[PDB]
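Below: the structure, in structure tokens.
There are 2 protein chains.
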Amino acid sequence: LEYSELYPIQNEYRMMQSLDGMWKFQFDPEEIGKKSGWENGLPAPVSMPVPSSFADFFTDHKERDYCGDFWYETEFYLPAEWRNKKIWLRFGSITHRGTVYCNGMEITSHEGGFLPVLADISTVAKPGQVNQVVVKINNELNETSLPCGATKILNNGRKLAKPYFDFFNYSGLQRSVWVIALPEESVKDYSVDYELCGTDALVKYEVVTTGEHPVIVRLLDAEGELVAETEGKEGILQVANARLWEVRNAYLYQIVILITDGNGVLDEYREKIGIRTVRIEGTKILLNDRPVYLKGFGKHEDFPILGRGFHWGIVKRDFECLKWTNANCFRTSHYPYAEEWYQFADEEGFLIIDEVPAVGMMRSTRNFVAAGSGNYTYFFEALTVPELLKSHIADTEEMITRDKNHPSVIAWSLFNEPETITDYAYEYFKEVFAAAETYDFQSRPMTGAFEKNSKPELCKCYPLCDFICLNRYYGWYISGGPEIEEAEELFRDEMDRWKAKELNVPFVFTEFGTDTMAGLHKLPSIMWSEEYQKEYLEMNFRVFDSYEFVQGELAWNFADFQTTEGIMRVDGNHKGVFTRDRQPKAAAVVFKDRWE
Amino acid sequence: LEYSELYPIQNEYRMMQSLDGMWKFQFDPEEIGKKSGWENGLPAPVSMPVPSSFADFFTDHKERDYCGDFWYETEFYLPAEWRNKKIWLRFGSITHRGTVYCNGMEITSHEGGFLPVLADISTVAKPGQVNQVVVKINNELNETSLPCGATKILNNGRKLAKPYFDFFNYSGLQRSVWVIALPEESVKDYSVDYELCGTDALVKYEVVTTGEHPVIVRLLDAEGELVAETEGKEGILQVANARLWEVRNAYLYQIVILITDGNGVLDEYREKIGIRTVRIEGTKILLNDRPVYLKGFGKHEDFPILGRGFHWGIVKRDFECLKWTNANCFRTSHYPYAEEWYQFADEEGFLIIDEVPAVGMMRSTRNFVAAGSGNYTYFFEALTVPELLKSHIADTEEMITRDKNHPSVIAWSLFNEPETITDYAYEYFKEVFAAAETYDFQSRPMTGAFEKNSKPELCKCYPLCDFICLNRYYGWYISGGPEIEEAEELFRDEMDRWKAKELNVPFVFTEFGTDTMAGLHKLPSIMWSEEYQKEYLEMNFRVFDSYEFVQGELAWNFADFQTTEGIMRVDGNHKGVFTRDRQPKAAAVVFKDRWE
Ligand SMILES: O=C(O)[C@H]1CNC[C@@H](O)[C@@H]1O
Ligand SMILES: O=C(O)[C@H]1CNC[C@@H](O)[C@@H]1O
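Quick mapping for you: the protein sequence lines, in order, are chains F and C.
So the first sequence is numbered by the working numbering: it starts at 29 and just counts up by one.
So the second sequence is numbered by the working numbering: it starts at 29 and just counts up by one.
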């Protein structure tokens, strides 16, 4: 990467100033902004909170559902004392793609809506003056970038996003924005990897800087005491009597990376890390050499009004709920979350399966969204797939570079419900997995979540995985309700087929659930009732517990969340175990009791 | 009584024809019906279902809330073959009071809205012709009849019922209406009482007829086989190897009462009865000589649209729900129910505490409903109480005469939450209890439900009871929510005071509960949430289980039910364990599991 993914810090060498607040915002349905000079200021803006998704503020459909180009603008005073620094705009994300301007000048563009965008404004920044940032953003969906979908043009020319995925197309500036100042020679990246040696541990590391001066690396314990120190851009820190980062029992050291010229220090980067190992051994997931059974949820970045907008309050409530259920794990379904989620998981000892936004790659869904009105003959995969692969690999590189040093991150999920039953899909995913392994200094477990279409007899992609994640809805989409006994039979039949393959890898259920409307009670239960959610879960548990190789269960979903409206979604997806405002349905206690 | 309470049957001697259906109905706000000849036909009626409460059909407030005089009318063809019979109109009830006319002639009047009204139309009936019935009904509330309340006159002259009780003032013809034909000499009443003699049983009986001819009494088993036979209006039936009626395990014999003149039979009455004994022994409630712990609910006659209207479907669903909770008992809070409820309890082996409508006799409530707008000085108890007592005793006599022969009925509840802390209240209730014992051939246990105001140090009436029923809301009305630990302390303090009295009688909690809005979930719980209902119940159980003498628990209420609207009632009373359409809230399983 031609920029650093490192989270920004404030110290003697590095400065940061938040640009969060009310920005100026303007929709550009006619796509006239750039030729009209909007990069120098929006002509008729409204106010827009940052961070937030824009959609749910408005009271009219066309603004909520807006699809196309739209622009953000703000101004900030740059301290004069930042003069002799490399000055960057850092967006937590720009959803889905955008071009950043500063003081009227084009700085950078980015594709991918869920990872940081770094824009080097050093050459146009005006220290000791007010500066301007303008961002052109686009939220259309296509088949050459993630997540996948289509864009429909309505009779009036109005665009409408048509996802191939089951979540609302929230977009905008959904995460915090900073302007930061770095030393001219700085720490750009580092990687740690761990080895356990009895009571001791080794922290292997690499550091990438933007210069040639010597590097010193120190490790401090949770009290700030020096426990190890070495020199060089590559090395090993030896930690006596190491306090390991444990599941639901975190311990964090602080790594301190210094660039020196002998006379003094040029840069200092510090970050909390946790000494822990993760590996797959047969059907076991080993954390610090001991098996762990994953218990938790797929989540979303989703909350009323804010949409995917980041807020520490959502983090705090969600973790309190997670702990109350006795969970130990979540998957970042279906995109990398704001960095703060991982920082907090590190502190709380939660395990994370970190997922790239490779969702929407199922052919039947694509075809369905094309058949709506209307198309049944024209598709061009041969042309788009190579471009999609490039985008997928780029997002993977960005995710892993951003997240690798979190002790919480124990696995990469490289897809959710793609086509996997052709040799072509194998060749596609082989490249993604190869890239992931190359970018991950730890070479930690890699996986993806498979839809039921990936039958054990047909799937060509599970051998790429270190463990296999299954999304299954036996008792919801398949043989629901009065047919639930048949659902259980079908589920056991499938798992018997997996069993007979004797793959000797762990299986984790990454999704299972039922839409459940809080307050819908029925005796006997019906699909959509709270009681049916409980019974469905009990049936699933009986199945899970029948197979030795099943080593985790992440329910879909932690909480009800927003989707595109339609005949199958009653104000979003109601498969939450909690409501959207984070309160438990009856099924939450079922998990609490089982996971205790 | 100058009529029979016996449920109507169809045989060679007795005939019955249902008058249920759409009747004619007219409100009489100006109170002009009788002087205008409405007893000969209503001049501008609308259609009204019978059985039903009238209120919830209408779409306008004034009709729903109507209070005052209103009239019903129907016509029926009387079979010519009924010529030589005593012909009666039998109303399951007329709520609250009314006068029955037939063919333009005044037949009878009745005060009390929850027990049968019998009108002898023999002298005006026209066999082989169409006949007419017209009923003038009034639904006002006062302090000289049950249940108690007031009637407010609004500025326009419009009346409004102001109950002193927490249920909606439903009224009309809420139960089935029959026209029946009896022999000129008939069985008017009978009573059975049981004694257990090892494997055998004795059925002591009395029969009252309207003549002097000899009586023969037979007992048939459940297969119709004769197991005992004797002669005389008083006698004992000896039953070898008797199959006792047991809790949740009913067995019903059929008693057959014949009047003969030697040549032939003049009348035959048959009814199912169950051989069982009930007595209080120290702190134990003994059913067939074995202790039973009561588990169940207070109910209501309440269902959407029908109001208190009787329907066997409500009975069937409610009993299935009761059985699913593992209940064995209900109280007919706060009025005798339709007879069919008891017939079904007999079949299902449920225990019933049968309650007369002596509810609304708390002074604070009376004063409150008077202070509303407006009165704080004028009350006239010295004058009304003697009339109230007469009404209360009459209703008690009617209830016991109607219900005594149901094996399900194991106790009479003679009040719900009256004043009990004065010697005057003692003298009042002494008369009611004396009357009850006189009317009950079995002299079975007598009780009433006490409000918290009846402190152990102050109450003068509990010594009248064979067992004591307490309604308590520690954790709802007293120290709810964040104060629930204090509520438990206060509850234990009160029960410690009862304990120290060493009364050596059983205590049954006849009410405890929390308003709970289906679908309101919160973590941590709040008052009104489903989770709080569960926690409140668990706290109550801990208290109940701390006292040896507590021998039953009937939760308030089986199901959400209609009340007068107001700032404390969110579409009725939500203390149901089930919703009004009979579906379980989370707390229902708490009962199911405990009562199993
Ligand atoms: O249909 C569902 O509820 C889920 C199916 N698997 C993918 C999820 O994004 C989706 O939300
Ligand atoms: O307040 C309540 O919920 C109850 C209190 N005891 C009497 C009931 O009729 C009433 O419904």
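Here a beta-carbon is modelled for each residue, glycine too, at the ideal position from N, C-alpha and C.
Exercise for review: Starting from the Cα of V618/C, find the closest Cα among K562/C, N585/C, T592/C and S81/C and give me that residue.
Suggested key: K562/C
Check your understanding: Where DSSP assigns a beta bridge to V207/F, which residues make up the other side?
Key -> In DSSP, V207/F forms a bridge with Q45/F and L117/F.
Review point. Secondary structure at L551/F, three-state DSSP: helix, strand or coil?
Key: In the three-state scheme derived from DSSP, where H, G and I count as helix and E and B as strand, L551/F is classed as coil.
Review point. Going along the chain, which residues of its own chain have a beta-carbon closer than 8 Å to the beta-carbon of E516/C, five neighbours each way excluded?
Key: Cβ within range, chain order: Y502, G503, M567, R570 and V571.
Practice item. Determine which residues share a DSSP beta bridge with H362/F and list them. Key: None; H362/F has no bridge partner.
**Study point:** Delimiting residues of the beta strand (DSSP E) encompassing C130/F
**Key:** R125 to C130
Review point. Mind checking if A615/C is an interface residue toward chain F, Cβ cutoff 8 Å exclusive?
Key: Chain F, which has no Cβ nearer than 8 Å to the Cβ of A615/C, makes this no.
Practice item. For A464/C, I'd like the list of residues in its chain whose CB is within less than 7 Å of its CB, leaving aside the five on either flank, ordered along the chain. Key: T424, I428, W440, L442 and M474
Check your understanding: On the premise that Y564/C lies in contact with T542/C, defined as a C-beta separation below 8 Å, what is that separation, rounded to the nearest angstrom?
Key -> 5 Å
Check your understanding: How about the region 123-137 of chain F and the region 153-168 of chain F: do they share at least three Cβ pairs that are nearer than 8 Å?
Key -> yes
Practice item. At 7 Å on the CB atoms, spell out the chain C contacts of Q611/F, in chain order. Key: Those within 7 Å of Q611/F in chain C are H549, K550 and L551.
Check your understanding: Does any heavy atom of ligand 2 sit closer than 7 Å to the C-beta of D194/C?
Key -> Taking the Cβ of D194/C as the reference point, at least one heavy atom of ligand 2 falls within a distance shorter than 7 Å.
Check your understanding: Taking any Cβ of chain C, which residues in the region 338-352 of chain F have a Cβ under 8 Å from it, in chain order?
Key -> Listed by position, the residues of the region 338-352 of chain F near chain C (Cβ gap below 8 Å) are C349 and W352.
Review point. According to the Cβ coordinates, are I115/C and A153/C closer than 8 Å?
Key: yes
Review point. Helix or strand or just coil, what does DSSP make of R318/F?
Key: strand
Review point. List, in order along the chain, the chain F residues whose C-beta lies closer than 8 Å to that of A546/C?
Key: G547 and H549
Review point. Taking Cβ-Cβ distances below 7 Å as the criterion, which residues of the region 595-608 of chain F are in contact with chain C?
Key: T607
Check your understanding: Which value, in whole angstroms, describes the spacing of the CA atoms of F358/C and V275/F?
Key -> Straight-line Cα distance between these residues: approximately 51 Å.
Practice item. Between the Cα of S32/F and those of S150/F, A83/F and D217/F, spot the shortest distance and give me the residue it belongs to. Key: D217/F
Point to revise | Given 8 Å, three or more beta-carbon pairs between the region 314-333 of chain F and the region 348-366 of chain F | key: yes
Check your understanding: For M545/F, which option in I264/F, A615/F and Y41/F has the closest C-alpha, if you only look at C-alpha atoms?
Key -> Of the candidates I264/F, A615/F and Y41/F, the one whose C-alpha sits nearest the C-alpha of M545/F is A615/F.
Point to revise | ligand 1 heavy atom lying under 7 Å from the CB of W584/F | key: yes
Review point. What residues are listed by DSSP as bridge partners for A587/F?
Key: Beta-bridge pairing links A587/F to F606/F.
Check your understanding: Per DSSP, what kind of secondary structure is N395/F in: helix, strand or coil?
Key -> helix
Check your understanding: Say the cut is 7 Å; is the CB of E539/C nearer than that to a heavy atom of ligand 2?
Key -> yes
Practice item. Buried or exposed for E296/F, please, with buried defined as at least 16 other CB atoms from any protein chain shown within 10 angstroms of its CB. Key: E296/F should be labelled buried.
Check your understanding: Does DSSP put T424/F in a helix, a strand or coil?
Key -> helix
Check your understanding: Taking only runs of the beta strand (DSSP E) that begin and end inside the region 271-359 of chain C, which ones reach a length of at least 3 residues, in chain order?
Key -> 281-288, 293-301, 306-309, 312-315, 322-326 and 357-359
Practice item. Please list, in chain order, all residues of the same chain as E576/C whose beta carbon is under 8 Å from its beta carbon, the five residues on each side excluded. Key: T311
**Study point:** Opening and closing residue of the beta strand (DSSP E) in which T258/F lies
**Key:** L254 to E259
Point to revise | C-alpha distance - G377/C paired with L322/C, whole-angstrom precision | key: 13 Å
Check your understanding: Would you call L70/C buried or exposed, if buried means 16 or more other Cβ atoms sit within 10 Å of its Cβ?
Key -> buried
Exercise for review: Alpha carbon to alpha carbon, how far is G49/C from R304/C? Give it in angstroms, no decimals.
Suggested key: 38 Å
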